[PDB]
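Following: one structure in C-alpha cells, then a few remarks.
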Amino acid sequence: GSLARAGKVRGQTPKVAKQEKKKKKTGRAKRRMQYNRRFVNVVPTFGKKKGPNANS
Amino acid sequence: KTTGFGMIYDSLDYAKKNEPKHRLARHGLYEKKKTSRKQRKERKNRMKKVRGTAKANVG
Amino acid sequence: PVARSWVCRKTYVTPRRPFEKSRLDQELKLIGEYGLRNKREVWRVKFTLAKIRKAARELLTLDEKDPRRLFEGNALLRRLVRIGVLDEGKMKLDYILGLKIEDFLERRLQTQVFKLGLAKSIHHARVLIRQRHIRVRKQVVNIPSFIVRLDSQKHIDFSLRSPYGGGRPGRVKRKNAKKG
Amino acid sequence: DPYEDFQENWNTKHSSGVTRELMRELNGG
Amino acid sequence: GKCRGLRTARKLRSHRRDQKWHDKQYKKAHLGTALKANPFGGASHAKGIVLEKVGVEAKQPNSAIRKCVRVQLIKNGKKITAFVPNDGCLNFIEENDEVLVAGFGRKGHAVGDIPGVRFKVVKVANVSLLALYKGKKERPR
RNA sequence: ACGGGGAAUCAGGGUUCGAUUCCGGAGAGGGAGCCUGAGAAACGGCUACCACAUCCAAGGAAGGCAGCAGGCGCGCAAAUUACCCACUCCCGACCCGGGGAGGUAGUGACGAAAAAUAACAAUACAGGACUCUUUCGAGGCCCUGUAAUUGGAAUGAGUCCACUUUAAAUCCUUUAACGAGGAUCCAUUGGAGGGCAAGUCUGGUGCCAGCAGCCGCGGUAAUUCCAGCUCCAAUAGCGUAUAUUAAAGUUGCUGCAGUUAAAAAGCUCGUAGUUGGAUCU
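This is the structure:
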C-alpha cells in the first residue's frame, strides 16, 4: 500500500549511548569464573530459585 | 641439541670432484654465473629465428 | 601431482543435542576440575575413549582364542597400562569398558605438574607449562595436553633455563634490579 | 508464587514461561 | 503381504524403484521439472537488477506491509520478488541496483507470513545489508 | 554420466557423492585426411573445409593456452605475467646440457592439528562452609568475589643483532637487547516465550515499524519489535543460503501400511515369474 513509513521505529527510538564497562575475560579464566559461580561457593539459598538473570 | 650431517674427504681435489656445487660455493671454491633464467630462455628463443653464424650475434 | 599428503583427521565430535542441561553441567565440572580452555578440549578426550571402547567392543565379539583378539587385544591393553590409565593387575579386555574420562584427564601433564607439587593450582600449572618452565627428562614441553607415561612421570622438573630451576632471573626481576 | 502463576496463566500468552518456572520450582536446580 | 522368496530380487527392487516416485522428495529432486522452474537454477544465491520497490501485504491473522523488491535476475532474465529483512533497509536500496539474493529458508516455499516470497536480499551494491544496518559500512556514492 | 581405487553419513541394513594429484579412457575450436617414425590418424607436425581471428604497401603471409603465468568474458563461485633445476625423476651423442614435469616462495578463515588473551600472594568482606561458644562472637582452617584494593614475580605477541635453514632466501626452531596493569597488548558471533541453555528488568513503539525456520509476538502494562543493562551457548571463530546424509519403521530386505485415517482389482479362467507335501544310512 505505502512504502512511506519504513525505518520508523528505529529512527524514532531515543538513541541511548552504550555505557562503558570493563573488559570481560576470555578462555580458560572465563570458564574458571563461571565454574566458580555455579559449583563452588554457590550460595546455599532459596530452594529451586536458581534461575540466574532472575529479575525479581 | 643440534643435529646435522658432515662429510670428511680424503683430499681437497676429491672434495672438488665429488661435491654439490652449492656446498663448494659456501666455502668460496666455486662461483656460479650470475645470469638469470628468464634471460637464458629468451636468448635461446631469439636465436632459433636465425641460421648459422648469426646465432652468435644475437643480443 | 604434488609430493604432499592430504591425510588429516578430526579429534573431536560435537554432541547431537546442543543445549541439554545435565550435559553442560557435567562438562563444566570436568573443565573446572582440570582447567581446560573450552568444551572442545573435553570432547577431544570423549573421542579417544569412544574409539578405544569401540576397538574393545569388537574384540570382545571374536572367539576368545582368535589371533586378532589375542594380538590387538594385547596391544590395546599395553598402551593403557603404559600411559597409566589401566592398572597392571587389570589386564583383561573387559576392564576397558570400565574406563572413564577422568582417568585420561588425570594423565595430562598439567594435572601432573599440579599434583607433583610444582604448581599450586590447576591454573598455575597450565600457565607454567605454556611459558616453558616444565621439562620431561631433558625436553621442555609446551603442551598442556601431554599424556604422561608411567615411566616418564618421575622425570618432571623445572627446565634448567628457567628462573624457577637453574635460574637466570626473569625480565621483570632484572629490570627491578636495574631500577634500584 | 509459581503454583498460583501457573494456575492463573496456563491458558494465556505467558503459559510456557509459567510452565518453565513451575518445573524449575518442582525439579530442584 | 510381500513376496519373500530367495529368487525375488527383481520383483523387490523394481517395485521399490517404482514406488519411490510416489514420494514428494524423490519426485522433486529426480524429475527435472522442479529444477527448470527454480529461477536460481539450483544455485544457492543469485544476482539481479532491482526493478522496483514493492509493498506486499501480510496474510490474514496478522497485519503489516512487508517491504519487498521486484528484481530481474542477471543470468536468465527471470523476475523475482525478494524480501528486504530489517527495518529501514528498504531505505538503503535504490533502483537499478546490483543486488545479491538468497533463498529464504524453506527451500522454495514461502516463509510464514509473507505470501509467495521465496527469496531475500543479502547484498546491495556489493555491500552487505548487515554492514549497512549495524553501521559498519556506507553505500558508495 | 568419463569408469574404477575411493568419499561423506551410518546400531545393523542402507542412502548420496567421486570434474579433482593413483590406474584406465578420451580430446586438443568443429569435422576430415595424412607425412615421418619402433610407436601418432600426433595438433607447442602438416593439408583442406566450417566457424572465428592477425599482419598487409591489397600482391600476399601467418594461427590454435581443455601446458605455466596472465587477461577478457561468464557467473554465487576459484591464487603470482615470481625464483630454481639444489631435491624427485625424465630425455639426449651425455658424470658436464635441458626440463612452467617437478621443487621453492607469494596470495590462501576450503579444510585439518596444536594453542595465548593472564597467574600468584597479602589485605578487606555486616562473604560462605568448617572447630568452640546455648547464641553473640572467637580462628593463619578451607574456598569465593562485580574490591579501576595493594604487591612485585612469570611470560609471550611484537621490535629486532647474530646463527641455523636454503640453490639463494623466507618461515619455524636457537639465542642477544628491548617489550605488560584498565597488563586500552580491549574477542567475537548469535540469542534470552516454547521447541532450546539463558530476564512477564527498564525506556521507545502502538496490528504501525518490524520479529518470527514452526507455533506465534505486536491493536497504550510487548517475557517475542527497537535500544540500555544483565544473563546464556560455542569460542578465533560464529551466523545465513543451497546440495546431501542421519533423524525417516515418512520407501520399510532387515522393517511400514490398505474396515472407518491415503489405500483390495466386478467376477472367474489363465502364460511367464515367484513358491511348492512325506520318503532312500
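Residue numbers (the deposited numbering), protein chains in the order written: chain e, 4 to 59; chain Y, 68 to 126; chain J, 2 to 181; chain i, 152 to 180; chain X, 2 to 142. The C-beta atom is built at its ideal place from N, Cα and C for all residues, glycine as well.
Query raised in the report: Sorted by chain position, which residues of the same chain lie with C-beta nearer than 7 Å to J/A56's C-beta, five sequence neighbours on each side aside?
Result: These residues qualify, in order along the chain: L77.
Query - Where Y/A92 falls, given that 16 or more other Cβ within 10 Å makes a residue buried - result: By the neighbour-count rule (16 or more Cβ atoms within 10 Å), Y/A92 is not buried but exposed.
Query raised in the report: For the region 127–140 of chain J against the region 86–106 of chain J, are there 3 or more C-beta pairs whose distance is under 8 Å?
Result: Between the region 127–140 of chain J and the region 86–106 of chain J there are fewer than three C-beta pairs closer than 8 Å, too few to call the two in contact.
**Report entry** Contact set between the region 14–36 of chain e and chain J, restricted to residues whose Cβ is under 9 Å from the partner
**Finding:** Correct list: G30, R31, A32, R34, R35.
Query raised in the report: Cα separation between X/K124 and X/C90?
Result: It is roughly 11 Å from the alpha-carbon of X/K124 to the alpha-carbon of X/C90.
Query - Continuous beta strand (DSSP E) stretch holding X/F120: start and end - result: 120–125 is the extent of the beta strand (DSSP E) around X/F120.
Query raised in the report: How would you call J/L110, buried or exposed, if buried means at least 16 neighbouring beta carbons within 10 angstroms?
Result: J/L110 comes out buried.
Query raised in the report: Do you know how far the Cα of J/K101 is from the Cα of J/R54?
Result: The alpha-carbon of J/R54 is positioned some 10 Å away from that of J/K101.
Requested in this report: Using a Cβ-Cβ cut-off of less than 8 Å, give me the residues of the region 118–136 of chain X that come near chain e, in sequence order.
Outcome: Listed by position, the residues of the region 118–136 of chain X near chain e (Cβ gap below 8 Å) amount to none.
Query raised in the report: Are the CB atoms of J/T112 and J/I130 nearer to each other than 8 Å?
Result: The Cβ-Cβ distance between J/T112 and J/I130 does not fall below 8 Å.
Query raised in the report: For Y/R104, does the count of other Cβ atoms within 10 angstroms reach 16, so buried, or fall short, so exposed?
Result: So Y/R104 counts as exposed.
Query raised in the report: What's the C-alpha gap between J/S146 and e/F49?
Result: In this model, J/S146 and e/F49 are separated by some 40 Å (Cα to Cα).
Report task. Please look up how many angstroms separate the CB atoms of X/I115 and X/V57, rounded, as I've assumed it's under 8 Å. Result -> Yes, they are in contact, since the Cβ atoms of X/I115 and X/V57 sit about 6 Å apart, within 8 Å.
Query raised in the report: By how many angstroms is the C-alpha of J/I84 removed from the C-alpha of J/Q154?
Result: Rounded to whole angstroms, J/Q154 to J/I84 spans 10 Å at the Cα level.
Query raised in the report: Exposed or buried, which one is X/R142 when buried takes at least 16 other CB atoms within 10 Å?
Result: With fewer than 16 other Cβ atoms within 10 Å, it is exposed.
Requested in this report: Could you tell me whether the Cβ of X/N92 comes closer than 8 Å to any Cβ of chain e?
Outcome: True, the Cβ-Cβ gap to chain e drops below 8 Å.
Query raised in the report: Could you check where the beta strand (DSSP E) with X/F84 kicks off and where it finishes?
Result: If you look at X/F84, you'll find it in the beta strand (DSSP E) that goes 80–84.
Report task. Decide if J/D67 is buried, meaning its Cβ has at least 16 other Cβ atoms within 10 Å, or exposed. Result -> Label assigned to J/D67: exposed.
Requested in this report: Pull up the DSSP beta-bridge partners for X/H46, would you.
Outcome: Checking the DSSP bridge columns, you'll see X/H46 partnered with X/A103.
Report task. Kindly indicate if chain i contains any beta-carbon less than 8 Å away from that of e/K11. Result -> Taking Cβ atoms only, chain i never reaches closer than 8 Å to e/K11, which makes this a no.
Query raised in the report: For J/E28, which of J/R79, J/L50, J/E103, J/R10 has the nearest alpha-carbon?
Result: If we check each option's Cα against that of J/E28, J/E103 comes out closest.
Query raised in the report: Where do the ends of the beta strand (DSSP E) carrying X/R67 lie?
Result: For X/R67, the enclosing beta strand (DSSP E) has its first and last residue at 66–74.
Query raised in the report: Who does X/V51 pair with in a DSSP beta bridge?
Result: For X/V51, the beta-bridge partners assigned by DSSP are X/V72.
Requested in this report: Going by CA-CA distance only, name the one from X/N87, X/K80, X/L13, X/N63 that's closest to e/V12.
Outcome: Nearest C-alpha to e/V12: X/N87.
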